[PDB]
């Protein structure tokens, strides 16, 4: 009933496995639609081929900067930035998908996948989905991070799209 998207993750070019997400379009339709379209590539740009640039074990894996590959870039399907839709959903545990930002109302394309409860981000980052399948892949990704977030190998979204 909500949409599902997938990422096929690779590590230094070698496939690791698929992560699928449920997007809570029933609660955050504008934010879900952004991520869904960036995953299908239907606006002529998006997540395919981009990297996870900041992975902090025990916290989260951050990605989605498909324009500058370092945190400084990214763009939404609506323009460079869009508003915080709402903060209905909370950072309740591992597998939550939420927007990265540069302060209030600055959503673009960068996102994070939590590997722990991150409740101090409630009311500041818009939660819009959750890992459905492949949490083991996300845990595998964590192994390549570090305390400052720099990754020890290149972690890429080799392919992505919509399942259901």
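Residue numbers count along the first chain shown, from 1.
Stretches 62-70 and 131-139 differ in mean CA B factor, with 131-139 having the higher one. Judged by mean Cα B factor in the deposited record, 115-123 ranks above the other of 115-123 and 28-36.
Remark: residue 46 belongs to the lowest third of its chain, ranked by C-alpha B-factor as recorded.
Among the modelled residues of its chain, residue 158 has a C-alpha B-factor that falls in the middle third, as given in the PDB entry.
Looking at the C-alpha B-factors along this chain, the one for residue 57 belongs to the highest third.
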